[PDB]
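Given next, in structure tokens, is a single chain: the form solved without the ligand.
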């Protein structure tokens, strides 16, 4: 397909799942059993960009929703947000830079670095029910690695 994609769910290294907070925000929390279905299913697209054997550029949209994770400057600081796009023009192989993340395979975990803002990663808090955000520090209080689960689509 023009732009190739695959559906998946993500879980941080503390086993927290991701769910929709409001219409433009994601939160991470320890979920299990029935509630497991509240988790967001992503449609990961493999877009164009500087590629490596361990660094792959991708775009993360919500399955069947014209909503994508985006990195923009908000109050002079790199910020993560859910952005609405024209449902007829997306996804596409050449996504605007703000939508691009470098999928990095480390241990057996994954890290998602903003292509727009080098060394800024999709992060979650240790605390329960907090927003998913863009953090500029690795190996610290905040979590920056995940495992990925594939879904039948």
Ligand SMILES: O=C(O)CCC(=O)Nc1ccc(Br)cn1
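Residue numbers count along the first chain shown, from 1.
Novice: Name the higher of the two by mean Cα B-factor in the PDB entry, 136-144 versus 16-24.
Specialist: Higher of the two, by average CA B-factor, is 136-144.
Novice: Comparing average C-alpha B factors as deposited, tell me which of 30-38 and 107-115 sits higher.
Specialist: 30-38 has the higher mean C-alpha B-factor.
Novice: For the C-alpha B-factor as written in the entry, point me to the maximum among 43, 126, 52, 102.
Specialist: Max CA B-factor in the entry, restricted to 43, 126, 52, 102: 52.
Novice: Quick one: classify residue 98 as lowest, middle or highest third of the chain based on its Cα B-factor.
Specialist: According to the entry, residue 98 has a C-alpha B-factor in the chain's lowest third.
Form deposited with the ligand bound: not shown, discussed below.
Novice: Of the residues 32, 108, 119, 52, which one places a heavy atom within 4.5 Å of the ligand in the bound PDB entry?
Specialist: Of 32, 108, 119, 52, the residue with a heavy atom within 4.5 Å of the ligand in the bound PDB entry is 108.
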